[PDB]
Amino acid sequence: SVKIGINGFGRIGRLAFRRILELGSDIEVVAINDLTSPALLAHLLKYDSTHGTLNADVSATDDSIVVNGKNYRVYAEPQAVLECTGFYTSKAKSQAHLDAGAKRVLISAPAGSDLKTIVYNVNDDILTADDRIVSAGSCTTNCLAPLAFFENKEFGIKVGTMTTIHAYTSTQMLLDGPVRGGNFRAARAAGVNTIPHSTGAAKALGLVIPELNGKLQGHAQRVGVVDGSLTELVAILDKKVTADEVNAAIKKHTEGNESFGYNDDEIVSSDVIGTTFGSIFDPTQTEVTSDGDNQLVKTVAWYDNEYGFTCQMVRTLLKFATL
Amino acid sequence: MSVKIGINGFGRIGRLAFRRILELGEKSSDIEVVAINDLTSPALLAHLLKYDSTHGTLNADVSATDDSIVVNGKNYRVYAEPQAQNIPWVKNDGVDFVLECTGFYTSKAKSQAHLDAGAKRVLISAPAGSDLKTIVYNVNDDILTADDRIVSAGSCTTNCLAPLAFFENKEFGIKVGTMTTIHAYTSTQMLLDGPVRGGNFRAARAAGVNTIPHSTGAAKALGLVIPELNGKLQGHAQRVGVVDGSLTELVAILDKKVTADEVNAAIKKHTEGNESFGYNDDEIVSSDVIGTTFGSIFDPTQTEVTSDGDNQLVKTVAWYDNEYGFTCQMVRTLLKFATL
Amino acid sequence: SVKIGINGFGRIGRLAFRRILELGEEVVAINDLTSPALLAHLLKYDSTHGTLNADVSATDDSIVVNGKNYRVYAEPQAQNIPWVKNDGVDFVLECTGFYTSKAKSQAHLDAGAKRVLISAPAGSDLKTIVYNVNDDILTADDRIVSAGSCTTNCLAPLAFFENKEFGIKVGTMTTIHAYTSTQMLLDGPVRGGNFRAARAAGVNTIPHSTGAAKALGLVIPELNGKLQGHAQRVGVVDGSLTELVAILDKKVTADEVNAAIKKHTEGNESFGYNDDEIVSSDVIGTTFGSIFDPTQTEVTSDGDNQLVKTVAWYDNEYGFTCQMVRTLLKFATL
Amino acid sequence: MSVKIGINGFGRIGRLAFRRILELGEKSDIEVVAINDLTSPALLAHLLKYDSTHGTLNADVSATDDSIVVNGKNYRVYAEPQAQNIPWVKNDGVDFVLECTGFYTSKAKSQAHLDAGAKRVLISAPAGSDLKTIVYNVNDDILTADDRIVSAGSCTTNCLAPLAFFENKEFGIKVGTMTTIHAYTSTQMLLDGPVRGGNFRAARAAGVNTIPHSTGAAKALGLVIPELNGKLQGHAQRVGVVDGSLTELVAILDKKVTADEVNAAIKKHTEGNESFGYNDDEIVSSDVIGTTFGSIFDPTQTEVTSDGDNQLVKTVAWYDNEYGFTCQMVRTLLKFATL
Ligand SMILES: NC(=O)c1ccc[n+]([C@@H]2O[C@H](COP(=O)([O-])OP(=O)(O)OC[C@H]3O[C@@H](n4cnc5c(N)ncnc54)[C@H](O)[C@@H]3O)[C@@H](O)[C@H]2O)c1
Ligand SMILES: NC(=O)c1ccc[n+]([C@@H]2O[C@H](COP(=O)([O-])OP(=O)(O)OC[C@H]3O[C@@H](n4cnc5c(N)ncnc54)[C@H](O)[C@@H]3O)[C@@H](O)[C@H]2O)c1
Ligand SMILES: NC(=O)c1ccc[n+]([C@@H]2O[C@H](COP(=O)([O-])OP(=O)(O)OC[C@H]3O[C@@H](n4cnc5c(N)ncnc54)[C@H](O)[C@@H]3O)[C@@H](O)[C@H]2O)c1
Ligand SMILES: NC(=O)c1ccc[n+]([C@@H]2O[C@H](COP(=O)([O-])OP(=O)(O)OC[C@H]3O[C@@H](n4cnc5c(N)ncnc54)[C@H](O)[C@@H]3O)[C@@H](O)[C@H]2O)c1
């Protein structure tokens, strides 16, 4: 066994728990830390308003959660591993887990440029046994990276810009009000607004695909759904192309690809909730705009920003064993 | 001669109280807001005052400085002092009276901190225990005196239920009754499922995509406002997926046998000219009450009498803008209280 | 096997299909107003109940599931659907909302169908069955039967057992109900012209008339005349709850009422039990017609005047559908 | 001496047009004198008075069996399915028709109004290429006295047009693509089900999905701005709000620019512009509900991405897809009076 401590039993920690359980394949969790009663953590694991009720026996004791007759010890220690709090988002900060005997830490978020950022099935081949603190990137990184990686190999991305139409998340407010950081848009009611939101996924995409350093920028629009997101990429490419050419080329790279999938059934956001891909290419939205020989190419991939990302993070976790 | 107000907590209720006082113009000239305390930048407080996802954009010139917000050229000093006893607004700004709207000072002992800071009087924007007076304007505001120092404006649900229950009891006699309020979500709830202050299993759940049962004390505690109904009511809420606008259903055993039209006529007469307890028979829905100025809006279209022989239940319903309708009630009480 | 024609592949007809399919150890044809391509698509991808774990496609005239073919028609008049000669239809599961009577569902009989089970209230001149309350009143003689409404299937076992244990003198219901297809996304004119049905469903709490309490005597004769109620339609896509407030014959406490109702949920696939402080999402996809929630029980007393509030959750779509499939199974094998 | 308007189709757009013209009437100058719609006046009056998006009208509204009454004034409601039979020119003094039914969306169809004696018709939608498509404050100067049937374009056209027009004037757009992140509309479904046209996305529940949707506003923009014919494409993502939308434009420009340069250049065209506004307060979609612009430039989202010689520029404008479009149409009705 490699024994996992999940720090932060939030949307991503609980979902990582669910994924590792359902892989029952042999990876296993053995303990958890949050700011919360074991009772409420077990209740949250069992009942999920996005992902439905866990088909397992779930209960709590005074210091643990219990699932299917196994005990998982729980702590309430605010100062510190699958690091999922959002409070240890750097190598400097994620220092305590090393500082008490982990071989490694995988942070569930971007965590700077002085460590490696991994998108499974794009660049997980750079991991070495020396790698102790590793970023699994953002949810948007795991969706955008394979699209841009394959689109670039095929056609040469000169420059690109991204807009993700993204589900609301726990950083946002239910109703308008003061918000940590003071941001004017973070402050606003998430369920009844389209809310522009800054993202680093395009700008920092060089950490995953070095040759795309400096070549992409983007942002998000946070919209009134609980989960399920889509990334639009508009690029100037080296090659002149048509939409059918683009689709056929990208599609090839989805074949058997558990990280970067494909759907041509004219799906909508709900349909990706509970999917296991980091990114789902949608050829039905591909558009090539041309006049003379000046050309814009729009491509799109969907993603369960919660569970798709979580599945990517678990794959990267499982790969730590091979090192 | 104006009583100078310090608003503690420039949240949904504190900002709307500001909007209400402003729009009242000369009708609110007995008071004057001079200072605001919260946990944030003046820049964000001004921005939240100006742009409101529920109630729309304020038709006023709003800006911020490094220590104040400015509205139509009037300056309102801003503090960010989490401990109320340390807010220096009595000395610095002349504050006489604190409008307490944080949610964190809802008791006599807690709001003592404002008196320790030098305030003369405090009106709390919530229930705040039984050792102080709880006022629903136009039901029991007559119990206020010049000697009160810390008073509760009650809850949103109290301000909706009270006049309905008051007048229904006066006309017919409520023997026992139960309430269900179908209530907009509020800022105590969660956007997505997760740990929540208090550890409550339902309060932890995503508010925009669930009907969520929620405890309320308005019915059980209604004797604080209407002594004769002490012990006669209980109830609860269902928090539902709208930002604002709520309704209270009351099911009662009455001392009189009735029809819906009889109950409607008898209650309606108490809404006539009543700025606190209104009446709407247009078959409205929740969003229609957003921005209204009543604590309670009786809806005769939902009255139901259920009988089999001499066994009877009677269901009555009143809408409320839990934000602005309550706020308007609290400002009425504020105007009365401040000037005793 | 008895061969089912599903008329109306809407929310309920598609879910009936999914339920029949998941049950494993049935359906031969389908009618609607639309292409086989779109019906296949809607059976596969569902915004409420998720993606069907089956291989689904469409031919020019039929849907395909796990290599099995189901014929599709687009015939507005039930009389005119040729599924009895073409497909062997012996039994119509009537799910359109437009044949909601014995008079109207007669058209299936004229089309050659042996029986009809209507997925809705359908008058008082036929039987209305809530499975595990009154399904013993079915016989071989019956041809057109009502599976009730979604609200009837929630309210009925709750009222039934409460009445059996305590005696209901009178009661009123409020169901806090998911929006449905009869409502609008934005405000505008609606069929029937009702001022509330006209209003945007996702951003309002909307009072709505219901007949389930008033008509409950069709299911539970001794409660004829003793119940009324209504709905509040709220901004969720599925998942509902029914509150009942009643005057009882017996004096009670909440713990007493909870224990007495709970015993009738033991092993009961129609009327279940949940005391984990659930919320509406949690019942989406559940297979009960009704889920008693003892956490919401309340007994209000002053002197000898007493009111009792009890509540049951329901997946108004799938819970109802599972009820209907139970009744189908019984009704078709008689 | 007032311009008198007949509204054909008292839907969301017709009702908002009534509300706009009422409020201008408070006191430049235009009044509604009659309506044609097949719904009962009682329901129409109810929907004029209460609205889940735009709030309650601050007026006394009631109904008779053939009219709506507002503030003591009677507004006849005709119920003619064929527009050539609406009698409101000789009965009510109708000068111009605002055609908002969705069923007269062509020059040849709306001829019916002219046959009933209307001087001019404005259609509340795209209506083909054999009549003029006018975005007020972009190309309304092309109207002449001979223009009797005119299209307002779409709501999207009214947002995109001024952004594209001014951006092209300042910098030259070589090619561009649009994504509008758009509030759900009446054509969509509350819950998944069969849908007119059979489209797989149109079929889906609108309140709980982000739904891709085809648009024509970018492709057809040459009708408004001829030099952009053939240069733009785009689509929409329909999202879970009742109203309030934004249009993103990504373009290759003739000039090398910075973000600040782009912002300043576009900003100067918003100044005093009642049709194409400006907001740099970091607003969100609800903040535009009830605003009167067809388009609201938001410099906070401008982005310029550049690697060596290749450059992309993203610019964004917000819009009340209902009321901003409505206010554009009323501007064009007022312009009709000067022809
Ligand atoms: N939600 C998504 O779609 C998504 C996708 C990818 C990555 N992420 C990232 O994952 C992280 C968590 O996101 P989430 O959506 O799960 O948020 P969340 O709020 O659901 O989870 C955070 C959890 O951490 C706990 N916590 C907070 N401070 C803590 C501390 N000092 N010690 C221990 N526990 C603490 C909280 O109580 C909470 O349960 C963030 O870094 C986020 O950016 C989120
Ligand atoms: N929202 C409603 O419908 C409603 C109706 C009636 C009463 N109330 C009551 O009014 C109060 C506030 O509710 P709300 O909805 O406005 O909440 P809110 O969260 O919008 O506002 C709370 C405000 O108080 C501030 N705050 C918190 N702690 C503070 C401290 N120590 N010092 C200074 N400021 C602090 C917050 O930053 C926030 O701006 C609560 O007691 C609530 O029960 C609310
Ligand atoms: N949604 C629920 O929660 C629910 C629960 C229980 C019962 N019901 C009842 O079941 C019935 C259907 O409800 P729904 O929610 O599935 O509605 P729906 O709108 O989803 O389904 C109706 C289907 O019937 C089709 N249809 C309409 N007219 C037709 C005709 N003449 N011939 C063939 N097909 C036709 C429509 O195209 C649509 O696909 C109603 O009677 C309703 O009261 C609904
Ligand atoms: N809904 C929007 O926000 C929106 C936005 C931009 C453009 N539009 C366009 O405006 C028009 C309608 O949109 P809406 O949202 O106001 O429509 P709606 O569906 O809200 O109302 C349409 C109205 O037309 C009436 N009608 C139908 N046939 C008629 C006939 N033969 N004669 C007279 N009246 C008739 C109906 O009785 C109804 O009241 C269309 O051209 C549409 O594309 C709508």
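Criteria and thresholds
Residues numbered from 1 in each chain as written, not as in the entry; some residues may be left out. Chains lettered and ligands numbered in written order. Heavy atoms only, no water. Helix = DSSP H or I, 4+ residues; strand = E, 2+ residues; numbered from the N terminus. Buried < 20%, exposed > 50% of the residue type's maximum accessible area, 1.4 Å probe, protein only. Polar contact = N/O pair within 3.5 Å; in protein donor to acceptor, adjacent residues only side chain to side chain. Pairing = 2+ DSSP bridges. Near = heavy atom within 4 Å. Nonpolar A, V, L, I, M, F, W, Y, C, P; charged D, E, K, R; others polar. Domains from an automatic or database assignment. Contact = heavy atoms within 4.5 Å. Buried area = accessible area lost by both parts, 1.4 Å probe. Salt bridge = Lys/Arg side-chain N within 4 Å of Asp/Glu carboxyl O.

In its metadata, the entry names X-ray crystallography as the structure determination method and reports 1.85 Å as the resolution.

1. Remarks on the side chain of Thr 315 of chain D
Residues and elements named next belong to chain D. Here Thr 315 is to be found in strand 17 (residues 310-319). According to the relative accessible area criterion, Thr 315 is buried, its value standing at 0%. Polar contacts involving the side chain of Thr 315 include one to the side chain of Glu 167, which spans 2.7 Å.

2. Regarding the sheet that holds strand 4 (residues 67-70) of chain D
Sheets are built from strands that pair by backbone hydrogen bonding, the pairs being arranged parallel or antiparallel. Residue and element names in this part refer to chain D. Strand order in the open sheet formed by nine strands is 3-4-5-2-1-6-7-9-8, with mixed pairing between adjacent strands. The open sheet is flanked by strand 3 (61-63) and strand 8 (132-133), the only strands paired with a single partner. Bridge count for strand 2 (residues 30-36) against strand 5 (residues 73-78) is three bridges, and the pairing is parallel. Looking at strand 5, one finds that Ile 35 is bridged to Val 77.

3. Focus on the site of ligand 3
Around ligand 3, the surrounding shell holds 23 residues, and the nearest of these are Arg 11, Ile 12, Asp 32, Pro 76 and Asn 316 of chain C. More than a single chain frames ligand 3: its nearby residues are located in chains C and D. Within the backbone of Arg 11 of chain C, one N or O atom sits 2.9 Å away from an oxygen atom of ligand 3. Residue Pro 76 of chain C places a main-chain N or O atom 2.9 Å away from a nitrogen atom belonging to ligand 3. For the shell around ligand 3, a count of residues per class yields ten nonpolar, nine polar and four charged. The two domains that each donate at least three residues to the shell around ligand 3 are domain 1 (1-148 + 317-334) and domain 2 (149-316) of chain C.

4. Description of the pairing of strand 17 of chain D
Residue and element names in this part refer to chain D. Most of strand 17 is tucked away: nine of the ten residues are buried. Here strand 13 (residues 245-253) runs beside strand 17; their pairing, made up of seven bridges, is antiparallel. Residue pairing in the sheet places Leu 249 in a bridge with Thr 315 of strand 17. Sheet topology note: the strand 15 (residues 295-297)/strand 17 ladder contains two bridges and is antiparallel. Across the sheet, residue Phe 297 finds its bridge partner in strand 17, namely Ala 317. Pairing of strand 16 (residues 303-307) with strand 17, which is carried by five bridges, proceeds in the antiparallel orientation.

5. Focus: the interface of chain D and chain A
Contact residues are listed per partner, giving 52 residues for chain D and 52 residues for chain A. Summing both sides of the interface, chain D and chain A together bury roughly 4,000 Å²; the carbon and sulfur share of this comes to 51%. At the surface where chain D touches chain A, the tally comes to six salt bridges. The shortest N-O distance in the salt bridge between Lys 215 of chain A and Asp 307 of chain D comes to 2.9 Å.

6. Considerations on the site of ligand 1
The full set close to ligand 1 counts 21 residues, and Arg 11, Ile 12, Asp 34, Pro 78 and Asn 305 of chain A are the nearest of them. Nearby residues around ligand 1 are contributed by chains A and B. The backbone of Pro 78 of chain A places a nitrogen or oxygen atom 2.9 Å from a nitrogen atom of ligand 1. Of the residues contributing to the shell around ligand 1, the split by class is nine nonpolar, nine polar and three charged. Both domains that furnish three or more residues to the shell around ligand 1 are identified here as domain 1 (1-137 + 306-323) and domain 2 (138-305) of chain A.

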